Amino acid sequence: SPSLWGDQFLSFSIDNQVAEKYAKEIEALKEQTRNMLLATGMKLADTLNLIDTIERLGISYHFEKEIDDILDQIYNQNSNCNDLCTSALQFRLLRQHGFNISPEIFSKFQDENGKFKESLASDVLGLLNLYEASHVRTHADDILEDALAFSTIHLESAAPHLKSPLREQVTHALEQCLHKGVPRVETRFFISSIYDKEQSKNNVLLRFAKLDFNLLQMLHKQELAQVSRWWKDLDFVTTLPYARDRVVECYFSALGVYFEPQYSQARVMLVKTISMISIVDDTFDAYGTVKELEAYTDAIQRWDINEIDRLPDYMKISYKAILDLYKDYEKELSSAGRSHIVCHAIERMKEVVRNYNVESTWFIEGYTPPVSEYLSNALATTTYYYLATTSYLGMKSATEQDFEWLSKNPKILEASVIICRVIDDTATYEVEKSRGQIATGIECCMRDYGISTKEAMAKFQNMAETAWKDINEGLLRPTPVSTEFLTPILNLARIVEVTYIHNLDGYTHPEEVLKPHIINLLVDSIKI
């Protein structure tokens, strides 16, 4: 299907006048908020709720240091706001920030048999925070083994009779927990559906959240326009008609990896790569021959525009565009002398191409590999090792030692890649199966373990579960690299959860899952 967006994003003229107005009041609101954080004499519950609100409002990136200092202090003090609500929240915020706070803070809320006291089933605010906390657990938090099921059943039971906006918050949470959602998406929901309708809302924070969100949206729109023109000038739409035209959906991903203004250059580099690798994918799937695909793979490994001759005219178009793109990246980074890092992204791309070729070889032979062998090849084809690597290109702070750590396939990255693989395999099984693609994950799983499609899917779900625990562990201090370089990997996993929510295929169908988000993040501004 052709792009549903049209030339809608092609042109965007920022009203510098309005943007300057927003920038100026935001700066003042920023300081008022800073002083709220630095206020002495606040109770623990009030301090935690303040930080939690600023994060959900999507403005916490302005106070990364003040929030860190406060959570550090709270971490170094340990306490018993003897209630579930404050305890679960404290646990969650500390864990999401890398502080390894003990899970035993939940002991006082469980019986002698390890299970949560059923007598808490009437504390909705406690159940909600426990619910959100249950999603940041690691392999060492067996104490929280039943937290999810427990809080879920009682939240479902209470939801219908709660007041608004709390009811909407509970219902949304049951459908999408905070820890695993895309930040801009959760922030947009919280601001206009929840906080804006909160009777006890803090008008200063709300004003701040709306203006900042809309101000950034202007930046996002500018970037997307810039990328749309770039995409239009390549004109693969008329040249390579077999390919998908989803530059908008590709941008959403880049936006999900990082939304901060300081990452503008990174987002633009990232979208172009996602967009570009998407064409290579379509070329291997619906268009090329074993001979064509073979020469394509080889040309890519050699990586020299002298190879453009050994390729069919249509593949010459893809190939040249790819080398030019990396040449542009090299050019873009000259200024800072960070052009030497481009090679890391290139090596990852070559890897994706190789496995794509193996993937098609498996399809042609009708091979159904054991899960073990399937993953050895299918993990890279998610393109995730490649996107994570690509996401660092525009991060002015990323060093050679940072890429070096990533090149070794750290557990956190591996976890994120596995999540994308198993979830995608579960959501796209039946469709790929109807295409004769018998080397699909669920199939390999079924044959390998000699189980049903249901049992296989359930197995992949456990792999995803295990993978999230690994990610949560990977965020704990001391981290192998700055948190700044872990967040992009976490966000990639989040994008997976959001794109295939309820096992709906949002990869093969944009209008089914992403359309709403794209409208709320890139079309409609939050009305003040």
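One rule holds for the numbers: they count along the sequence shown, beginning at 1.
Worksheet item: Mean CA B-factor: is it higher for 227-235 or for 381-389?
Response: Mean C-alpha B-factor is greater for 227-235.
Worksheet item: Do the C-alpha atoms of 35-43 or of 467-475 have the higher average B factor in the entry?
Response: Higher of the two, by average CA B-factor, is 35-43.
Item to complete: Just grab whichever of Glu249, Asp425, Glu455, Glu260 has the top CA B-factor as deposited.
Response: If I rank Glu249, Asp425, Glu455, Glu260 by C-alpha B-factor, first place goes to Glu455.
Discussion item. Just the C-alpha B-factor column, please: which of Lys201, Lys411, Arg92, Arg435 has the biggest number?
Written reply: When the deposited C-alpha B-factors of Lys201, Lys411, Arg92, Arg435 are compared, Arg435 is largest.
Worksheet item: Of the three thirds of its chain by CA temperature factor, lowest, middle or highest, which one includes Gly450?
Response: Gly450: CA B-factor falls in the highest third of its chain.
Discussion item. Is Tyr131 in the lowest, middle or highest third of its chain when residues are ranked by C-alpha B-factor?
Written reply: Lowest third.
Practice prompt. Divide the modelled residues of the chain into thirds by Cα B-factor and specify which third, lowest, middle or highest, holds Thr53.
Written response: For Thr53, whose C-alpha B-factor we compare with every modelled residue in the chain, the answer is the lowest third.
Fill in: Within-chain third of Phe116 by Cα B-factor, per the entry
Highest third, going by the recorded CA B-factors of the chain.
Discussion item. Which third, lowest, middle or highest, does the C-alpha temperature factor of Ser482 belong to within its own chain?
Written reply: Ranked within chain, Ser482 CA B lands in the middle tercile.
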